[PDB]
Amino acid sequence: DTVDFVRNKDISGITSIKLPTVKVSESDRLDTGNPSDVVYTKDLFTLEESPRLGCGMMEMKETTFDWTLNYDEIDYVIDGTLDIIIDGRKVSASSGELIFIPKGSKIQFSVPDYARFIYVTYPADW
C-alpha cells in the first residue's frame, strides 16, 4: 500500500482503517506560528478518496493554540483530554467522548497534557 498505516481500501472506495496503526510524524506537524507548539494533523483520505468528508488524526502534547475553523468538525477523542476554548468558555472531552465545532468558530485547541483524536470535517476541500 502507499500509506504508512493499515487499511483495507476496497475497489468501491469503502475503506476500513486499523486506527492504532496510524502514527503521526514530523511531516504532519501543523505550523501554528509558534515553533514551541506541538500539534500534528494527519489526513487519512485524499480528496479523490473522500471528496466531501475530511477525516484525519490529530495529536497534541502540552499545547494551547488559536485557530479559526473554515469547516464543521466532529472530534472523537481516542485517548487523553481535549479542551476547546470559545469566547472565554470551555468545552471538554476525554477518551470515548466527542466534540462538535461549527464552521467559523474562533477557538483555542487546548491540551494541557495529551490528546489523540479523529477529526471528521465538512467540506474536505475549501
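Just count from 1 along the sequence shown to find any residue number.
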item	value
19 to 27 set against 113 to 121, stretch whose average Cα temperature factor tops the other in the entry	19 to 27
Residue stretch of maximal mean CA temperature factor, 31 to 39 vs 86 to 94	31 to 39
Which of 72, 66, 48, 75 ranks first by CA B-factor in the deposited coordinates	48
Within-chain third of residue 56 by Cα B-factor, per the entry	lowest
